[PDB]
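What follows is one structure encoded as structure tokens, with my remarks underneath.
Don't worry about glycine lacking a Cβ; one is built from the backbone with ideal geometry, like all the others, and counts go over all protein chains shown. Here, each number is a calculation from the coordinates, and none is a lab measurement.
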Amino acid sequence: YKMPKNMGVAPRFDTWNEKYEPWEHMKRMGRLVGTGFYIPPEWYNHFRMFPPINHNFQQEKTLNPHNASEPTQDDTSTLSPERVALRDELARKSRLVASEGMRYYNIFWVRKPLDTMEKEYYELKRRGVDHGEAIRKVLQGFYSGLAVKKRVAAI
Amino acid sequence: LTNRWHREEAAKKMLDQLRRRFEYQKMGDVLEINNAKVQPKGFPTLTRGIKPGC
Amino acid sequence: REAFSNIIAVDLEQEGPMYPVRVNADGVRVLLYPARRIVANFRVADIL
Amino acid sequence: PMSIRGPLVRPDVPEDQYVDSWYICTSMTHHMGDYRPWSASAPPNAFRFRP
Amino acid sequence: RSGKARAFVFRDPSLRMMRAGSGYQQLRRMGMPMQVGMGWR
Amino acid sequence: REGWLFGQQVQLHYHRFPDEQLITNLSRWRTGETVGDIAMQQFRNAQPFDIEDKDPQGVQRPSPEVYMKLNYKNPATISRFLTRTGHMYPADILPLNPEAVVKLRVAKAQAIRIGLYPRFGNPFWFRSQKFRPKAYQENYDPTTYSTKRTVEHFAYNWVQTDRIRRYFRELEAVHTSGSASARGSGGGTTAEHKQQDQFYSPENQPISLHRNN
Amino acid sequence: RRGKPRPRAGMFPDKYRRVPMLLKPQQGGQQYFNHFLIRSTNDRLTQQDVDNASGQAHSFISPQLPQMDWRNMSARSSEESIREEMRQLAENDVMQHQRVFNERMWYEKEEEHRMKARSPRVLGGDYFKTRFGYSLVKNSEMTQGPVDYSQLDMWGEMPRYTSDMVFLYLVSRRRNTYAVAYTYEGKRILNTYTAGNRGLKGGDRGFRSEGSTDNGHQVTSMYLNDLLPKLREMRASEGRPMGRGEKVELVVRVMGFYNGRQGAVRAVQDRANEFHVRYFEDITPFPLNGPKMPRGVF
Amino acid sequence: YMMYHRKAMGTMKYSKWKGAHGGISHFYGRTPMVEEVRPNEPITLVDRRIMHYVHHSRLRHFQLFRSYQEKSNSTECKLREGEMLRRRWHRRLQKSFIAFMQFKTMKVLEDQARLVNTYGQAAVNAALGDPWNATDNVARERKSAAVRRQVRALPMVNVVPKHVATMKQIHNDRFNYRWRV
Amino acid sequence: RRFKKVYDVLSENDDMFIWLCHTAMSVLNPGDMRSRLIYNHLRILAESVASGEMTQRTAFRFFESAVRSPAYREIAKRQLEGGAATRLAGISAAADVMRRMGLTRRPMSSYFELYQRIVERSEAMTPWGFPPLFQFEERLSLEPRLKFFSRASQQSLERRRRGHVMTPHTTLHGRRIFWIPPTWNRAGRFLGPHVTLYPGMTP
Amino acid sequence: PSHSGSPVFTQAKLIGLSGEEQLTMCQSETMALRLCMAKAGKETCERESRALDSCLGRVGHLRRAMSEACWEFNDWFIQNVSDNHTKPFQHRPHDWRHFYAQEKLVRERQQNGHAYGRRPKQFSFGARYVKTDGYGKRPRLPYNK
Amino acid sequence: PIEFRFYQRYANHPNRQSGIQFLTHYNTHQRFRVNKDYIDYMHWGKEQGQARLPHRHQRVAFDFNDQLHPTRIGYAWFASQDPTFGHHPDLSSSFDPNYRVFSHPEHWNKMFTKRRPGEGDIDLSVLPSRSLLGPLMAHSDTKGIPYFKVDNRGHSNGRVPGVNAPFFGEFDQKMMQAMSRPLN
RNA sequence: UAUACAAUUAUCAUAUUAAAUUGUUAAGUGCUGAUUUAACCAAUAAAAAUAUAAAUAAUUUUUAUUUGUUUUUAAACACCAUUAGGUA
RNA sequence: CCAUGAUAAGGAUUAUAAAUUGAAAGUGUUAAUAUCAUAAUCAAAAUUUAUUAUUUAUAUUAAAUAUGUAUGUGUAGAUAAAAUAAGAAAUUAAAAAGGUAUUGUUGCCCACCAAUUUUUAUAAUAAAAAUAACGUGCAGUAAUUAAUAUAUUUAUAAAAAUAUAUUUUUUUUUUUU
Ligand SMILES: [Mg+2]
């Protein structure tokens, strides 16, 4: 017969996290301190005031891949597919609008030209201009602004 | 076409010619079981049917 | 050292369980129940 | 690595201080642990430790 | 296969005692079994 | 816990944060070396190619018109999804729709029985090549089944980079030699070079260091 | 050694491990280095003099001033110049997939350029909706308009036969290979030449090279060289005699996936001095499900 | 005997080959591959490409395996399922290698971008071979000729593995000396 | 042995650096590290890891599951589009905690390790993706050279050496440094490690 | 490295080094050299040799780069692609017993839930054409008999 | 092995890998014994983890951070709400609860034959036909069912504020008002 | 000698709601003869290819009955013979 | 005779570098078992025994006495040595893969043969069970043409061969050429 070499030392894939779960440590340390003959550690003394979140069940017990257990590790983009397509089309038509906001690193405290372009596109859409014409008009407005800037630079 | 026992003997002899104990010692080797040098002895008293020596 | 690493403790305000708890560590079925006195085998009673 | 530890099996001391031992496949020192440097044998400020 | 079945854990003693609400001793105490013999002296 | 693609333990990614490039090149950012750099500017948010089969089961092909035309009367379309010897491709190689495979097998049986199709081989294998997709070597496909078609492009790019480096290093050597010659042998070479380095050596015009010449 | 094979020279340490690297090889001739360097300098100076006579070894600097280009600055400050610069900027701002200069891209664009050198009311959405067929035409991916009959005839790829070609069957087996030649009517021109027929079967290299390319090549070459006069005399007797050094039209038909195939085709190509091969076909009875074969050992 | 049987097409005094040959023959409807050999394309290379196709398609393997010996349906199903599972596992293994090679290609492209940044775009184009010295059309025509000749794609078929005739032929599709179950 | 001792003394504190790098990078959205609540959480967990009172896996779980703000995902929908926050604040906090706590005698060593173990890892495939089993201490682990944020991750040490036919007999005939010197009882014919049977000439 | 609990026997085949699936490079110059050396000519084609060597000089550096890339790939694979002989194999039919059990369950449910893992009886090569009237020609299900 | 010791919680017997999952909607709690849907272990589990687990459109157990089953509508009714609010993510136009998925063991069965690439018992009822024959034969000059108005039931429920009627009030994503107990 | 299985998953005979069954095709020299096999070998030797849509889940299977020996052209082919053939 | 132990010979992968090309796995003599034992060179001596490089055709026996044999085309089979102060140069090491044995293949184990005996039975019955040494074998134990299940068949015995169905058989890459 054939067996993997490390099959004997293979960790249990269903109960290897319950040992390291924070709540187990919290409860055990609470009981140990409440016995009255154990000096509480600093981590217990701090986390008794701020206990961890309750709803962070691991995927091992959840057995549901589409469950976002960890809010910190959650990765779900807020952009709808329509918004993604719109901004991708705008960036593909003009690389200036896409790169102008970001450049080497995302400056999160300044206005984004792509955001302004999307806002103007939405305004044109609700005014009555359809997709292609609205995109062309907003791009031409951005180019007019850039032309003003370049004219000032030349002067 | 050769028989199995002759093939085995020939292969063993050829491997011996072409080509451990201290690393691994089993209970038989330790207690002198497999060793053909060690042989039990008999009782010194002489029998009656055995042909006299010389 | 392993025992001190895996040491545990319980809440003694009750001095005994208030509900039957049934588990099994390595197939050995263990039942702990409330009782008037400490009634169990000598070794487990000494552990309790 | 030899590129760090150097191709030395003994402290770099003149062979006059080292004696080939008996029954042991190593060299020993008659003045145990008391290693005189090279300049001890040579005259003070000697070119290439020459006499 | 030749071995019998074994429970994963114990059966709750409270449930085991509660399921005995209609045992033969309880029936005798309620008086359901009609008497036709002499019984005890 | 494994990924469905190739049993990975982690999520495939190149850059997860919008500022890791700045963190890595903070010293260069402060010195101003990255005023007009390109590698950080374009590859900051680069992510791995989506290498997966969007239709692994096989219900994408053929086209609906090919479904309509996949009849016994036309062997041209039958030969499109049939091997050179006349056998059907395994689902591992060419995953046709179940409707496609049942239609193909029944049409092939009918055509063989009537006499419109040969029992072995296809008389339209050469003419069906245009309909058959072509994996051009010049144009790379991210989702190629084979790894050689990717390693060849990797080698091509590495050879281009090596060509850039070799060209610039040889240009530097040529310019340095020209400047030394223009300044003069005596004027250009330093005293140490003229005294010690000015001899034949394994680095300076050696004889053949190899036997069997 | 002790009844053992002698190890290869690689296992032995270096034969010249006890000599300095400068000895192997010696770099003698140091006295010539200065002489050759001075000779090189002298001849380089002479070549430089020749080049200077050919042209001019002069360089100069032009002291440009910034105030002079105010005319260019005023021209660029104009609205029209800014407009055309912004037009170029918008044209090049589109998505560009060209990272650096590519020889493939340059060759393709130049090839297309040289190939070029060698060579009312718009329909509405409602009209498109009411035209259901045009939607299918959009994604038809099928030939439209005139279509060549070469993609419709089912005998275009099939071979064209003539009454004169001789069909040469090359059968390759696990331990045998043989070639036979038939005419169009099916008459067997010459007797079959198998490995056993020619003696290659059952000799040296037994059970291994019986089906090899070597034996197949030998038997096929011998069969062709014996068949050629037989074919000539058969045609002469039939009354259609061979021409003056005519090429005999040969249709190769090969069967078997063993090793006795490459040798056969190589022999045919080596004898192609007279056997002009016109068509090549391979035949193989692919088993679907038939009678039980003899049982294997497994 | 089937046409693929071991004792098929045997040459003997009493054995007469079945079927008509020549022109419209027994194989006339059963020929799997027909190629019109043309000048400048050797028949040896034609046969080489055909054999490479039928070997890389794992078709001669099945033909020999089913033809030479009789194998039970259970054995054939076992072998085919094992082959499919091994192929799927190998595809899964190779997907990781493809992904890592794409990552290495990204690293190479980043190094190329670093070279572009440190040398200049025009300098990098010139090093890549931009026709910036093509004063006349002939200078660029020479490189066009070079790349035109390089584009010519010769057949990429390779030599097929030989067939090994082991004793008693435990496996008939065996092409390598490595032992198999 | 002296270099081994020096290496051990230098790398005795590498575990806290590994944990701090993992907390800085692996956590996709730790929030605002400048906030005193998150700063106190990180400081307490780092102190516990340094003291050894809590293992790294559980400390990381505590950090990633600690209470930060109600409707955390909804609030993050306003700021982060993809859920990935800037690492500058995280690195600054991870340096500040080690600066305040007297972890090492040299204050700059903590910052240098934190920066270097990140910049060296940034050029690897899946730089911030770690398998759960091998990310921290476990029954089955990786080689020290193949660890994620290890100080010896990148090396090209010599691993192939040519061997001659007499190597198994002359294993101890070179310039070997003997832990136990050969004696005549064991080795019948061996002069020693200091002798040279083919000496040269020196001035 | 052991993907899915099975060690990789060879990683050189993936690269293609020293294997059949190599990479074609400078094929034009290789063809020119082969033709020149095949033709009788007048002298050995040292010029073609120089051309081929100049073309393939960087092949050694390319091979070194691919070898170090393969080593880095092996390191990453050990890092996180595999399990180091932990998970059961998935490359043999008897490791997928559940799928074939499902197939047998489907067939059994189809055949009135009577025959499990049973196949129809073998029939002669020309059974549907040589058998006389009154004998079943087309094989039936193992339950139908 | 753990299976040899503990058999009440683990079954190593082949054909019983399905488990004892009670969280299915089938007539029995023994998934390996049920005969409605058969698990295709080789290809299933793409988005639902294991192969034995119920599909995303056939689940009766919901996590805290997982979306519930979308309502099938078959925005117009969100005028009173935020004008920029797009389509509600919990409203789908095409959502079938009992949507059969293609499974090789049940649909494409090849165990009777030699498992060759060319044969295998296949049923076409599982997946809608992609052939162009469909629309061409089912092409009519008259308009379709929505125009002809042959349906009198409409929505199964009488009046849905989200679908049938205009929607007022405020949205409630998490089930808070829908999962509550009256104190009056 | 009397004195507490399981019921959340147990591999040797406890099958019971399931769509089956039937298609009429293929292959036909004799010629100067070494095929197969580790080896021996026997006698015209080539051959049989068509599917899906459609049959309710139930309250009396308590109920018919059913699980690779199934009889003829070839190819396969177990007792026995030994110069070497018979036999599903 | 036997009368405990202990050194040898036997090159196959840690390499150039300021360096050695000889191993621990054991070779007659050596330190506990006894119970007729005088076996020992000091000369001039007796091949039948595996483990040893001898001088080849101009000049040939003087000091301890020192080799009379075999000329036969550098000649069958078989076989020995060297890559170190000598001169020799492109195809090579570098995968997987097993105990039913624990006395661990010199192993478990198998029937038959042989020997004792018990139980059901009284019918010239049949069946089953225990047992350290025999005889025939080598069937099984990755185990020498794989093993498992059912049916047939043969018979000194394990079993073997077939028909059909399985792998508690150790495994080798083809996503429309
Ligand atoms: Mg045996």
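Of all residues in the stretch J:13-29, none satisfies the criterion of being away from chain H (no Cβ under 12 Å) and either part of a helix (DSSP H, G or I) or more than 22 Å from J:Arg64 (Cα to Cα) (or both). Pick from the stretch G:253-298 the residues that are among the hydrophobic types (A, V, I, L, M, F, W, C) and assigned to a strand (DSSP E or B): which of them is surrounded by the fewest Cβ atoms within 10 Å (Cβ to Cβ)? For the stretch G:253-298, the residue satisfying everything is G:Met255. Just to be sure before I move on: is J:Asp95 acidic (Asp, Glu) and away from RNA strand M (no atom under 11 Å from the Cβ) in the structure I sent? No: the conditions fail for J:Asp95. Applying the condition of being surrounded by fewer than 18 Cβ atoms within 10 Å (Cβ to Cβ) and of a type in the set (S, T, N, Q) to the stretch H:41-85 and asking which residue is nearest to G:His217 (Cα to Cα) yields H:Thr44.
Just the residues that are within 14 Å of chain F (Cβ to nearest Cβ) and either buried (at least 16 other Cβ atoms within 10 Å of the Cβ) or among the hydroxyl-bearing types (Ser, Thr, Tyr) (or both), please, taken from the stretch A:85-95. The answer is A:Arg87, A:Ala91. Among the residues of the stretch G:1-15, just one is surrounded by 10 or more Cβ atoms within 10 Å (Cβ to Cβ) and either over 45 Å from the mean Cα position of the chain (by Cα) or within 16 Å of RNA strand L (Cβ to nearest atom) (or both), namely G:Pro13.
All told, D:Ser27 falls short of being within 16 Å of RNA strand M (Cβ to nearest atom), over 14 Å from the mean Cα position of the chain (by Cα) and under 22 Å from I:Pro193 (Cβ atoms). Among the residues of the stretch I:2-44, those identified as outside any helix (DSSP H, G or I), small (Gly, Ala, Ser) and either more than 13 Å from chain A (Cβ to nearest Cβ) or within 21 Å of A:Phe50 (Cα to Cα) (or both) are I:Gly31, I:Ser35.
Note on the stretch H:104-147: among residues that are among the hydrophobic types (A, V, I, L, M, F, W, C), surrounded by 16 or more Cβ atoms within 10 Å (Cβ to Cβ) and more than 7 Å from chain F (Cβ to nearest Cβ), the one that is nearest to F:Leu5 (Cα to Cα) is H:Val147.
Condition check for B:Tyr24 on (1) assigned to a helix (DSSP H, G or I); (2) over 17 Å from the mean Cα position of the chain (by Cα); (3) within 11 Å of RNA strand M (Cβ to nearest atom): one failure, at (1). Scan the stretch J:115-145 residue by residue and report those that are away from RNA strand M (no atom under 16 Å from the Cβ), surrounded by 12 or more Cβ atoms within 10 Å (Cβ to Cβ) and either among the small types (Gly, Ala, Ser) or not in a loop (DSSP other than H, G, I, E, B) (or both). Within the stretch J:115-145, J:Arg128, J:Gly136 meet the criteria. Within the stretch D:9-24, being charged (D, E, K, R), within 13 Å of RNA strand M (Cβ to nearest atom) and more than 10 Å from chain I (Cβ to nearest Cβ) holds for one residue alone: D:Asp12. Pairs meeting the criteria (first residue in the stretch H:11-28 and under 17 Å from G:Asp282 (Cβ atoms) and at the interface with chain G (Cβ under 8 Å from one of its Cβ atoms), second residue away from RNA strand M (no atom under 16 Å from the Cβ) and not in a loop (DSSP other than H, G, I, E, B), beta carbons under 6 Å, at least 6 apart or on different chains) are H:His21/G:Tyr182; H:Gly22/G:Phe167; H:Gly22/G:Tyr182; H:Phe27/G:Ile283. Checked against (1) closer than 30 Å to J:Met66 by Cα; (2) within 11 Å of RNA strand M (Cβ to nearest atom), H:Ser96 passes all but condition (2).
Under the condition of being under 13 Å from the mean Cα position of the chain (by Cα), away from chain C (no Cβ under 14 Å) and not charged (D, E, K, R), which residue from the stretch E:1-30 is farthest from RNA strand M (Cβ to nearest atom)? Once the filter is applied, the top-ranked residue is E:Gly21.
Restricting attention to the stretch F:126-141, does a residue exist that is within 13 Å of chain K (Cβ to nearest Cβ), within 26 Å of the chain's Cα centre (by Cα), among the small types (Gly, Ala, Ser) and not in a helix (DSSP H, G or I)? Scanning the stretch F:126-141 turns up no residue that is within 13 Å of chain K (Cβ to nearest Cβ), within 26 Å of the chain's Cα centre (by Cα), among the small types (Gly, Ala, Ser) and not in a helix (DSSP H, G or I). Put simply, of J:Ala69, J:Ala32, J:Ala38, J:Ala51 the only residue that is farther than 30 Å from K:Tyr41 by Cα, in contact with a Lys or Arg (Cβ under 7 Å, 6 or more places away or on another chain) and more than 14 Å from chain A (Cβ to nearest Cβ) is J:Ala69. Considering every residue within the stretch K:86-93, establish whether at least one is under 24 Å from K:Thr28 (Cβ atoms) and either within 16 Å of RNA strand L (Cβ to nearest atom) or surrounded by fewer than 16 Cβ atoms within 10 Å (Cβ to Cβ) (or both). No, every residue in the stretch K:86-93 fails to be under 24 Å from K:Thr28 (Cβ atoms) and either within 16 Å of RNA strand L (Cβ to nearest atom) or surrounded by fewer than 16 Cβ atoms within 10 Å (Cβ to Cβ) (or both).
Suppose we filter the stretch K:45-76 for residues that are surrounded by 14 or more Cβ atoms within 10 Å (Cβ to Cβ), over 21 Å from K:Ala178 (Cβ atoms) and away from chain A (no Cβ under 13 Å); how many remain? Qualifying residue count, the stretch K:45-76: 1. Of all residue pairs spaced 6 or more apart or on separate chains, those with beta-carbon atoms under 8 Å, a first member in the stretch G:184-195 that is at the interface with another protein chain (Cβ under 7 Å from one of its Cβ atoms) and a second member that is charged (D, E, K, R) and more than 16 Å from RNA strand M (Cβ to nearest atom) are G:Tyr184/G:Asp164; G:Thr194/G:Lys201.
Do we find that D:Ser39 is in a helix (DSSP H, G or I), among the hydroxyl-bearing types (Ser, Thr, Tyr) and more than 14 Å from chain I (Cβ to nearest Cβ) in this structure? The answer is yes for D:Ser39. Considering the stretch F:125-150, the residues that are of a type in the set (S, T, N, Q) and in contact with a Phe, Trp or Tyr (Cβ under 8 Å, 6 or more places away or on another chain) include one that is surrounded by the fewest Cβ atoms within 10 Å (Cβ to Cβ), namely F:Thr143.
So, J:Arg109, is that one closer than 23 Å to J:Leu17 by Cα and either at the interface with another protein chain (Cβ under 10 Å from one of its Cβ atoms) or touching a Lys or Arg at 6+ places or on another chain (Cβ under 8 Å) (or both) or not? No; evaluated as a whole, the condition is false for this residue. Candidates I:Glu113, I:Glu158, I:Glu120: the one that is of a type in the set (D, E, K, R) and assigned to a loop (DSSP other than H, G, I, E, B) is I:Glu158.
Kindly evaluate J:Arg138 against the criterion of being more than 30 Å from K:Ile39 (Cβ to Cβ), within 16 Å of RNA strand L (Cβ to nearest atom) and over 26 Å from the mean Cα position of the chain (by Cα).
The answer is yes for J:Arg138.
Taking only the stretch G:141-198 into account, find how many residues are β-branched (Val, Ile, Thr), within 16 Å of RNA strand L (Cβ to nearest atom) and under 22 Å from G:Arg278 (Cβ atoms).
Pass one, the stretch G:141-198, residues β-branched (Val, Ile, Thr): G:143, G:147, G:162, G:166, G:171, G:177, G:180, G:183, G:189, G:192, G:194.
Next, only the ones that are within 16 Å of RNA strand L (Cβ to nearest atom) stay: G:166, G:171, G:177, G:180, G:183, G:189, G:192, G:194.
Cutting the leftovers down to under 22 Å from G:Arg278 (Cβ atoms) gives us G:166, G:171, G:180, G:183, G:189.
The qualifying residues number 5.
Take the conditions (1) facing chain A (nearest Cβ under 8 Å); (2) over 30 Å from I:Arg139 (Cβ atoms); (3) assigned to a helix (DSSP H, G or I); I:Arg78 misses just one of them, which is (1).
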